[PDB]
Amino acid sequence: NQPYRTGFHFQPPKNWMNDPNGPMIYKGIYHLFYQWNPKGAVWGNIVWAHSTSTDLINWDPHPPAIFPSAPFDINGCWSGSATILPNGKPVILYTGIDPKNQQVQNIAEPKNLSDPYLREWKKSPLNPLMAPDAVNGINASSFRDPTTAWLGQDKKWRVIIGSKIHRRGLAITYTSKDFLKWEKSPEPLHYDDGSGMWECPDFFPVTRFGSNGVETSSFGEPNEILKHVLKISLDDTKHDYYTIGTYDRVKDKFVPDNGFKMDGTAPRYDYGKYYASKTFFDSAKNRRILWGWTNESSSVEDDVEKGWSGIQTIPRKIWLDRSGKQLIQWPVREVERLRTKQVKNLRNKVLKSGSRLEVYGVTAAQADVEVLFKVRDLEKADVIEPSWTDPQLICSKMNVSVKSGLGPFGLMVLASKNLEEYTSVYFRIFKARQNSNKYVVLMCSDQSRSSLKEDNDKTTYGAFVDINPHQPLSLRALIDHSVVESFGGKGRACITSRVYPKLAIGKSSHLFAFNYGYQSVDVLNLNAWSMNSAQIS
């Protein structure tokens, strides 16, 4: 009936869903809002749907919180963010479409602050608070997605909205003392020529050393160094990127660290299907949670047919890695509460060149797997080409059928009995240079053989993994019928993909560990956890 609906990923009972909106925590209750189409499996009639949770895994339904009802949002209620004011009151800033189809920024607040589920929201008659006009010269067609705001040292609030002027991406900053009267700043928080429109911006602090999250307005301390992350969704490429840097509060400008540029060359949170991501500070457990939208890789016809489209990945905790050059991600630990009591284990299994090992006793279509690979004699690894810089193209030109010294070796998920269908998540090791001791670790998510149906988008994804092959390579994959979330090197590389196998469905799906490389690899350990379905909206 619905072979591709997920058992533990967030998604509405039906219809189209896109950007996650106003993620927040209030009175111990997690809130998730999201762009939803009340009457279609394609984008349209967009409103802010609403759901609440106490563990970020199980979600309870609620009526749409924000939907067209006034001139300032008559043609649509687009994405936005929630900010928790000092007095503990949560407010929402969202982009609305006015009568002339112009994008404007409106504020919304709860009607009953005593309601922990914040079911009803009211919209200020002062809206819009920020709008495109002849005075500011902002592009009325490219001015959207207000972020969560942060309080400045001068007690004035700051907020940025995604925009652009021609080909220059912009993070337009506004300031306010009362959160009502907002003044456009002369200079943007940041920009970049050639990137194109900047959507779903995000700006937050991260601790230099540690995995704990940091309140969005927190200032740097002489003994507490804080870095700042600027994240934007590039409309031109459909990918989410981020850069690590410092915050010049004097000029009110973001300053990327050396080797960082806010554009298509910056790092991504996820190298597969992932967009419009947004974080929020979970003051309940001192962590920053990242929400990300993953659209369908199936045809629109299939979408209309199944009656829905779009899911959110499993929320994940994010923090700065020790090197300080990238962020690390890991699904919230609460998802582990879905793992079956009895886990399937496999230790010290030597995978010989061209061999594969099947993992029995687990619902291969809805599980969580974590493997530890131990390579043998790295000197045997091929020397990567000097010019190769695109991980995706390497995975594309050197697919699973192409052998090498070390790899392809990893996992075959959502696979059929006789591998007629399968999604391959693996590693491939290259030697930095001839006789060198430095190695390049590549992570691939190949869906070229994921389904017999050809209308599905089987694009292959790839990403480099900042880990040393001399130590066991870590790999994790969350399998959920039509979505696979792969984590390499304990979250140093993430790849989300959507597949729709015609055979590898439900009970007929299988899980395999494999090694098609010339040099055999050793599977130190492997844990497969059947995942129980969650109660979601």
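When you see a residue number, it is the position in the sequence shown, counting from 1.
Here the stretch with the larger average CA B-factor, out of 347-355 and 86-94, is 347-355. Of the two stretches examined, 162-170 and 290-298, the record assigns the greater average C-alpha temperature factor to 162-170. Comparing the listed residues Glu215, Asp382, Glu199, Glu183, the entry records the largest Cα B-factor for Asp382. As recorded in the PDB entry, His470 shows the highest C-alpha B-factor of the residues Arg498, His31, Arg492, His470.
When the modelled residues of the chain are ordered by C-alpha B-factor, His510 sits in the highest third. For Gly361, the recorded CA B-factor ranks within the highest third of the chain. Only modelled residues enter the ranking. The PDB entry assigns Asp377 a C-alpha temperature factor belonging to the highest third of its chain's modelled residues. Annotation for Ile25: C-alpha temperature factor in the middle third relative to the rest of the modelled chain, per the entry. Among the modelled residues of its chain, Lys397 has a C-alpha B-factor that falls in the middle third, as given in the PDB entry.
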